[PDB]
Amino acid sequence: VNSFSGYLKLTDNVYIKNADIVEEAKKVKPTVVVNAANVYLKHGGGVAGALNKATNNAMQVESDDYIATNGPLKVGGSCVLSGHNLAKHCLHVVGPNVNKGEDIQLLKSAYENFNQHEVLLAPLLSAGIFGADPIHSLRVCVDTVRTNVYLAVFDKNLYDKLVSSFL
């Protein structure tokens, strides 16, 4: 039993809700919140910009030190950093950005990072400003993640289309 509330159950291990991931994180304080990161951990917009703003830029400060030490992530890769005031940990995961020409097949590799954590609060990878089809992203999530994932979909209209079209 966990403290996630109001989710629809899609499969044994995947759940979905219309919610602002920032407000969800502040309420649940989950063990792991997933950020929709880029390889430079430049949290300028989308989910990343919103999460970073909620940390008063502490996420960006930590991220800049991470990059200065380790260099950029790989597309499809991840790193674990602090969750600041939002969660215990933040799993920064880089899904392919279609608006940069990146290979959509890497979306499965991106979701594989979730399997290293028993429970996560997460957005749909490569959705939003990353340019991929969110219906496809949900399908890859369900077919790749085996741990317990709670998906926050900010757009209510998008949420209803994902539920109604889910196979």
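Position 1 is the first residue in the sequence shown; the rest follow in order.
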### Message
Going by the mean C-alpha B-factor recorded in the entry, which is higher: 103-111 or 41-49?
### Response
103-111
### Message
Tell me which stretch has the larger mean Cα B-factor in this entry, 118-126 or 22-30.
### Response
22-30
### Query
Of the options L151, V145, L158, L10, which has the highest CA B factor as deposited?
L158
### Peak C-alpha temperature factor (PDB record), options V61, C141, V98, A54
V98
### Task
Ordered by C-alpha B-factor within the chain, which third holds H84? Give me lowest, middle or highest, please.
middle
